[PDB]
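So the structure is just underneath, and the comments pick up after that.
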Amino acid sequence: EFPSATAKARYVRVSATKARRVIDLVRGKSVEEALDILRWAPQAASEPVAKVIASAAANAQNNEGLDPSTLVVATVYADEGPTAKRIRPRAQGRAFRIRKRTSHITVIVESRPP
Amino acid sequence: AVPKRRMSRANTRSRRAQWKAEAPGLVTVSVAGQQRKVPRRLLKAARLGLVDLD
Amino acid sequence: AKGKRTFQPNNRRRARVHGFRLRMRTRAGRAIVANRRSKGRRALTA
Amino acid sequence: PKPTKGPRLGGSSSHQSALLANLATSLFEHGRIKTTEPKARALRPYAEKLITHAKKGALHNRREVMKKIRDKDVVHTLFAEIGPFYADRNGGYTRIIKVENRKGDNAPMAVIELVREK
RNA sequence: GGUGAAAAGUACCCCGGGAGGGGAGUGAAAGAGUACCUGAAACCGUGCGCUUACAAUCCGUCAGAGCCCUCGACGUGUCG
RNA sequence: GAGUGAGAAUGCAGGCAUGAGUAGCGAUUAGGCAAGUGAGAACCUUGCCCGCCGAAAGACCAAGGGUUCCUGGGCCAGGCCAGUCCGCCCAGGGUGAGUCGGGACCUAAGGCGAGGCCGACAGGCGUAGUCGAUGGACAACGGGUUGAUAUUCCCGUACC
RNA sequence: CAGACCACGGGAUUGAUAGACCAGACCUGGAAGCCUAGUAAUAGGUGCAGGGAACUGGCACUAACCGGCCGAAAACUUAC
Ligand SMILES: [Mg+2]
Ligand SMILES: [Mg+2]
Ligand SMILES: [Mg+2]
Ligand SMILES: [Mg+2]
Ligand SMILES: [Mg+2]
Ligand SMILES: [Mg+2]
Ligand SMILES: [Mg+2]
Ligand SMILES: [Mg+2]
Ligand SMILES: [Mg+2]
Ligand SMILES: [Mg+2]
Ligand SMILES: [Mg+2]
Ligand SMILES: [Mg+2]
Ligand SMILES: [Mg+2]
Ligand SMILES: [Mg+2]
Ligand SMILES: [Mg+2]
Ligand SMILES: [Mg+2]
Ligand SMILES: [Mg+2]
Ligand SMILES: [Mg+2]
Ligand SMILES: [Mg+2]
Ligand SMILES: [Mg+2]
Ligand SMILES: [Mg+2]
Ligand SMILES: [Mg+2]
Ligand SMILES: [Mg+2]
Ligand SMILES: [Mg+2]
Ligand SMILES: [Mg+2]
Ligand SMILES: [Mg+2]
Ligand SMILES: [Mg+2]
Ligand SMILES: [Mg+2]
Ligand SMILES: [Mg+2]
Ligand SMILES: [Mg+2]
Ligand SMILES: [Mg+2]
Ligand SMILES: [Mg+2]
Ligand SMILES: [Mg+2]
Ligand SMILES: [Mg+2]
Ligand SMILES: [Mg+2]
Ligand SMILES: [Mg+2]
Ligand SMILES: [Mg+2]
Ligand SMILES: [Mg+2]
Ligand SMILES: [Mg+2]
Ligand SMILES: [Mg+2]
Ligand SMILES: [Mg+2]
Ligand SMILES: [Mg+2]
Ligand SMILES: [Mg+2]
Ligand SMILES: [Mg+2]
Ligand SMILES: [Mg+2]
Ligand SMILES: [Mg+2]
């Protein structure tokens, strides 16, 4: 085991499968490397996930009191959240359904040795 | 046309797999005496201060 | 290119065709009003 | 210069022409503008040929550039500053540098400026 | 329709523009946090174990090598 | 003692997959740059250009709508993207008439209709009447003012 | 001049890869300004002029960067 800090972001207005597509870029990396990768990656879902990673780092800053530079994003994933249902009217009186999906991004970072 | 059968999990996950992103390749630059990482495309523009390193 | 739909609003005509006074003057209309009152409608009539 | 090979830049042939003219006017006015990368790549040669017109001082060249540009303050500043400024630079008056992508449509952005070294 | 016995409904600190969380506290419990008793299945992830890129498979069943885990014994790796 | 056993009724309800991160993102005008704001800006504000309408894509109304109008604030839902913006959310404010448009004036088609006649009853027509504008009669014009009303407020001069 | 994307091919400062610049080939057909003739529309001269994309050759003037990521070996048997 290694000392760990957690951060959760729930009900983020981003599809889970669109959050995972940038989560898969940064899994198992140092926090600073992950933050850089997210900051230059051209998909909008980076904005939530990046924040979540940073939030976790701060917890290890301020609640475990451990070294900034040893942090690695050990576990990160995106669960589905509640879906809102809407209607788009279509041709000849049809009415199709629209899903406004959300996500829960969870990150656990560990202070591994160098 | 219309799908004849519901498609299986193996075959669904086979081409959901191709929908991925690639991480940009970063290089190091020195701004205001401290080191930052930027794409090699934006290297010059960082070297003369036209990209906002937050 | 005719695109005229069936409902054309007119407050006075709606009153004079479906209103309280017209429902009352006849007998089937008083029946309708009493029926709607018994059912519990918040709006008996136009 | 050489035409656009694919579909024209502003959505039509006539919009690309006026779009180039406005971009060149702004570049000569301010000396540095930020636009999209394809627009900047199209604006480089088009603006440099106007600078070549301004470098050689004749009424005929002034008439050609007024034909293309339609802004008299910018024509005056071309023939009073930019032409004489580049009397010893043989071509390559501009500079395109790529900048960070846009946010709304993730459009590849770039900056064109005028060279101020010689 | 259902928090808890009682709002005691999370003071204060930290990341974040907020939303959301992490400490700290309340509580018998926060695997009770005003998205709240229990919280099944479909559906969606993440981690590990075995397998799979010369192969024509109603997707099982019977025989079965190899690997992995576990229970006994003798002992110290090989039978049962 | 049974509302006692579901896998099929193109069964009913709810939640969720497959297609698939795919089609589409709603005309025939078209946007650009500089600056500002802001956590964040292709879309908001300002300037300078470019373009489109111009017997309209301008100005004023009726019907219909109903607070959508103005000011301040907001940015969770809505906006086919984002949004600091919004016809969206919130609070406060705002509609001033002797002359405008109606009633208090008049009737048309028609409606209802004291008594009435007809009809087993329920009712049908209808006189006198009384409603009923899309019509007839009837006295105000120009300028200024508010963030939001203006022949209405004010100013000047009128008319009934 | 390779092409839906990708791939392919060339170049990347020890550099002519693309743009600009200079020159040529080519296309149009005789620019503007001036002078002149005519009342004028107009005509003549300056003068194969002016303008101009793709083709060719020169020219480092402008960009090809004070750069990142991948990516190299069990042995055994017999013959020799
Ligand atoms: Mg980002
Ligand atoms: Mg319809
Ligand atoms: Mg449907
Ligand atoms: Mg028709
Ligand atoms: Mg072409
Ligand atoms: Mg085409
Ligand atoms: Mg297009
Ligand atoms: Mg045209
Ligand atoms: Mg306690
Ligand atoms: Mg319990
Ligand atoms: Mg729930
Ligand atoms: Mg529960
Ligand atoms: Mg095989
Ligand atoms: Mg066979
Ligand atoms: Mg039953
Ligand atoms: Mg069932
Ligand atoms: Mg069924
Ligand atoms: Mg259903
Ligand atoms: Mg799906
Ligand atoms: Mg398809
Ligand atoms: Mg397709
Ligand atoms: Mg499409
Ligand atoms: Mg549209
Ligand atoms: Mg700006
Ligand atoms: Mg026009
Ligand atoms: Mg006209
Ligand atoms: Mg109008
Ligand atoms: Mg408004
Ligand atoms: Mg919103
Ligand atoms: Mg939106
Ligand atoms: Mg506002
Ligand atoms: Mg508003
Ligand atoms: Mg009066
Ligand atoms: Mg009458
Ligand atoms: Mg009677
Ligand atoms: Mg009658
Ligand atoms: Mg009347
Ligand atoms: Mg009238
Ligand atoms: Mg007004
Ligand atoms: Mg007035
Ligand atoms: Mg290559
Ligand atoms: Mg040439
Ligand atoms: Mg001539
Ligand atoms: Mg050449
Ligand atoms: Mg390696
Ligand atoms: Mg081996």
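Every number here is computed from the coordinates shown, using simple stated rules; none is lab data. With ideal geometry, Cβ positions are generated from the backbone for all residues, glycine too; neighbour counts draw on all protein chains shown.
Scanning the range A:29-77 for residues that are within 14 Å of chain B (Cβ to nearest Cβ), outside any helix (DSSP H, G or I) and under 13 Å from the mean Cα position of the chain (by Cα) turns up A:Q43, A:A44, A:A45, A:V73.
Just one of D:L43, D:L27, D:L20, D:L78 is without any contact (Cβ under 8 Å) to a residue 40 or more places away in the chain and touching a helix residue (DSSP H, G or I) at 6+ places or on another chain (Cβ under 9 Å); which is it?
On the way: D:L43 fails: without any contact (Cβ under 8 Å) to a residue 40 or more places away in the chain; D:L27 fails: without any contact (Cβ under 8 Å) to a residue 40 or more places away in the chain; D:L78 fails: without any contact (Cβ under 8 Å) to a residue 40 or more places away in the chain.
When all the criteria are applied, what remains is D:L20.
For the condition in a loop (DSSP other than H, G, I, E, B), under 17 Å from the mean Cα position of the chain (by Cα) and within 13 Å of another protein chain (Cβ to nearest Cβ), D:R116 qualifies.
Between B:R16, B:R9, B:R36, the distinction of being farther than 21 Å from A:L38 by Cα and within 12 Å of chain A (Cβ to nearest Cβ) belongs to B:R16 only. Considering every residue within the range D:43-54, establish whether at least one is crowded, with 20+ Cβ neighbours inside 10 Å and over 30 Å from D:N101 (Cβ atoms). Yes, the range D:43-54 has at least one match. Between D:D88, D:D71, the distinction of being of a type in the set (D, E) and farther than 19 Å from D:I33 by Cβ belongs to D:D88 only. Inspection of the range A:80-91 identifies no residue that is part of a helix (DSSP H, G or I) and either away from RNA strand F (no atom under 12 Å from the Cβ) or within 15 Å of the chain's Cα centre (by Cα) (or both). Against the conditions (1) of a type in the set (S, T, Y); (2) over 17 Å from A:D36 (Cβ atoms); (3) within 18 Å of the chain's Cα centre (by Cα), B:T28 satisfies every one except (2). If you go through the range B:1-48 and keep only what is exposed (fewer than 10 other Cβ atoms within 10 Å of the Cβ) and among the charged types (D, E, K, R), you end up with B:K4, B:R5, B:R6, B:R9, B:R13, B:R15, B:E22.
Of all residues in the range D:1-30, none satisfies the criterion of being under 14 Å from D:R95 (Cα atoms) and either within 16 Å of ligand 5 (Cβ to nearest atom) or within 14 Å of chain B (Cβ to nearest Cβ) (or both).
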